[PDB]
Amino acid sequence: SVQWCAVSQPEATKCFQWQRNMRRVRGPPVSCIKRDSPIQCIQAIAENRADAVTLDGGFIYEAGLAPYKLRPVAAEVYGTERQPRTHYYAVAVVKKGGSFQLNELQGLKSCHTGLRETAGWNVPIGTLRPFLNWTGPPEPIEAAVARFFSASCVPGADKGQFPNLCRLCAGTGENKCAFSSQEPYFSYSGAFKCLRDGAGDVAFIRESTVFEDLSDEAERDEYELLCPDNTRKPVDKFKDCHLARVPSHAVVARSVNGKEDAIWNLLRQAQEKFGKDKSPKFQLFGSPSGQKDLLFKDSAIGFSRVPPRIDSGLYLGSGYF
């Protein structure tokens, strides 16, 4: 059986609902282990306490490093089934109206999905380094991003070394700027909720965020991207307007004693049984109200296996950071 590494109690429930659903249709068994962060799941996967966790490509990096040496075994498949894609695009949605283009970015307000996450940090801050004012290490990149935006909401950051990287955040108590769903401006939806709530001027996120959160058409007509060419275009045309194409989020496992084939078969079967539009009982690519992307990304259709011994640095592709 496969111990899945849950990252929160909402995620844990989803997984416990998963396991109960797998039993009912007599498929491959899944188990749930709870831990509090992606980086905390890696270690447990590394320490034989559990076996898989879906990670973003920033955590695919840090999970391939020593002494973890974890490996991407199955990539998330997003889109439509007529045209499947194992990649997504980092864009920067902004409020329609303003004159500022990608190059005009300084002293504004940015909402970021997570510190060190792919779409909300690695790509945009990687795209803004020429504009950034940064001498190099051992000063972190965090300090300059503190001085480039007038305030942001980049959860996961240090509340004391960089206070305006959290300035915009909305978690209450000690929960502000945390890498948890209790930060309501955490991840994609929270990075979008931070622009939608009038909090920041820019939202660094993915191409489906706007289609996913804003159901009624007219509402979305009021949002736009920021093109890397310094223009701004509509949010439906992200294929000619984006910060980058980034490889899809992936289930990562152990390199040695990984159980890959068992993990592949749990997924495969669950995708056939609890996939998009498959069972009315369980949607493995679905979350309940207010919660989002638990275990896997919402509105993703399935998975496509990763070919033998493709490391973490080859999954991502060359040309990183």
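Note that residue numbering follows the sequence shown and begins at 1.
For the pair 135-143 and 229-237, the mean Cα B-factor is higher in 135-143. Here 184-192 and 170-178 are compared by their mean Cα B-factor, and 170-178 comes out higher.
Going by the entry's values, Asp216 shows the largest Cα B-factor out of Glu76, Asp201, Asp216, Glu207. Based on the entry's C-alpha B-factors, the most elevated value among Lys95, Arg245, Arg85, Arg116 belongs to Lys95. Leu316: CA B factor in the middle third of modelled residues in this chain (values from the PDB entry). Among all modelled residues in this chain, the alpha-carbon of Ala300 has a temperature factor (C-alpha) in the lowest third. In the deposited entry, the Cα temperature factor of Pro29 places it in the middle third of its chain's modelled residues. Annotation for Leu105: C-alpha temperature factor in the highest third relative to the rest of the modelled chain, per the entry. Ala6 sits in the middle third of its chain by CA B factor, as recorded in the PDB entry.
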